[PDB]
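**Student:** Before I ask anything, here's the sequence and the deposited coordinates:
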Amino acid sequence: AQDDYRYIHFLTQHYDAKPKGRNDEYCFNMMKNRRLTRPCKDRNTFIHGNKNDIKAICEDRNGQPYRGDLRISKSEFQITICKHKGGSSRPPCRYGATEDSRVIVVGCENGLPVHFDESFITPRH
């Protein structure tokens, strides 16, 4: 069908793949690169994982319906949450990369995963 226009926006924003650095200057170089985080937008999750498996959170099986609209994934995805620590004004802002490795709640629009909830907590954290 080739419906690869819609959630490319989603996978630019959130999804990454290969955090080669899960540090601070990782997230600061992604602050500069992605540039939707000016003047230092604080929290922002990147997801790392298989790209086809992000797509297949909007199956129904491999991401089951949570709260009659939303999806909760099957697989634990890596999430590197660049969460801005320290002084929040001018660059160098830097970021507190707090990694979790957990199931994610996303939401689908159209039947493709568009939304990302950063609200989902595990009962471990």
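**Tutor:** Everything's here; your move. Numbering: from 1, shown residues only.
**Student:** Longest helix in this protein, by number of residues?
**Tutor:** Longest helix in the chain by number of residues (criterion: DSSP state H): helix 25-34.
**Student:** Give me the contacts around it.
**Tutor:** 12-13, 16, 19-21, 37, 40, 46, 80, 82, 91-95, 97 (CB atoms under 8 Å, 6 or more residues apart in numbering). For the C-beta atoms, the positions are set from N, CA and C on the backbone; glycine is no exception.
**Student:** which residues touch residue 16?
**Tutor:** By CB under 8 Å, 6+ apart, the neighbours of residue 16 are 30, 46, 47, 48, 80.
**Student:** In strands, which of those appear?
**Tutor:** 46, 47, 48, 80 (DSSP state E).
**Student:** any chance you could map the strands in the chain?
**Tutor:** Under DSSP E, the chain gives strands at 43-48, 63-66, 70-73, 77-83, 96-102, 105-109, 112-117.
**Student:** Any chance of the ones you listed in TSV with distance to residue 54 and mean neighbour count as columns?
**Tutor:** Shown next, in TSV, are the strands of the chain (distance: least, CB to CB, whole Å; neighbours: other CB atoms under 10 Å):
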stretch	distance to residue 54	mean neighbour count
strand 43-48	7	20
strand 63-66	9	16
strand 70-73	9	20
strand 77-83	8	20
strand 96-102	14	16
strand 105-109	8	18
strand 112-117	6	18
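**Student:** In the ones in strands among the contacts of residue 16, find the pair that's most separated.
**Tutor:** 47 and 80 (8.3 Å; CB to CB).
**Student:** quick one on the thing from earlier: what's the closest of the ones in strands among the contacts of residue 16 to residue 60?
**Tutor:** Closest to residue 60, out of all of those and judged by CB to CB, is residue 47, at 19.6 Å.
**Student:** Quickly list what that closest one is bridged to.
**Tutor:** residue 79 (DSSP bridges).
**Student:** Make sure it is actually in contact with residue 57.
**Tutor:** No: proximity of residue 47 to residue 57 does not meet the contact threshold set by CB atoms under 8 Å, at 9.8 Å.
**Student:** any residues in contact with both of those two?
**Tutor:** residue 104.
**Student:** show me the contacts for the residue nearest to residue 100 when sequence neighbours are not counted.
**Tutor:** Distance criterion CB to CB, 6 or more residues apart in numbering; nearest residue to residue 100, sequence neighbours excluded, is residue 79 at 5.2 Å. Going by CB under 8 Å, 6+ apart, residue 79 touches 45, 46, 47, 48, 99, 100, 101, 102, 104.
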